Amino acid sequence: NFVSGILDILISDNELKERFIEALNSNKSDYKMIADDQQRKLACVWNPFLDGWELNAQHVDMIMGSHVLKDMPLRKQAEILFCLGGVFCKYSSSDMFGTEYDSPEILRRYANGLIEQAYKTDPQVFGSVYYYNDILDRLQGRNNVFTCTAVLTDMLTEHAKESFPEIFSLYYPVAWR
């Protein structure tokens, strides 16, 4: 359960941390975070880690030194970072904190910052630059692609499940496969 570990470090608020960690144990959340007050809440928590759609450099240093990524070879680091982007993509989707037509904008930017960070660590994990850019285009809404993060999440777990199955099995929540 590497994910509840990382949420423990990332979310200082205990009510919100509780929300995120409880959601790892179910495939569907009926608590949503698309309302304006909720999006500002997330924004307050996660802005210190973001620089637009990218992780900011202080967050990156911190995260690469974490109990989760510190002594790992680049490829694993990248593979681990890829699954975390999938987790925030799920969190943003319609099965978790998102809805059919809306999603928590902040969680999409954090998922994007992790995917982008994974490409910087070892781009081989994606297998094609066109795939890396379709993933970004779907998280960000660019180039008229369908934005559905429920759909994006499937595309990410399918890649993880075939390209790096050990990592995926350990670093992606059991209830969510």
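Residues carry their position along the shown sequence, with the first being 1.
If you average the C-alpha B-factors over 132 to 140 and over 62 to 70, the higher value belongs to 62 to 70. As the entry records it, the average C-alpha temperature factor is higher for 12 to 20, out of 12 to 20 and 154 to 162.
Per the deposited record, the Cα B-factor of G113 falls in the lowest third when ranked against the other modelled residues of its chain. In the deposited entry, the Cα temperature factor of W46 places it in the lowest third of its chain's modelled residues.
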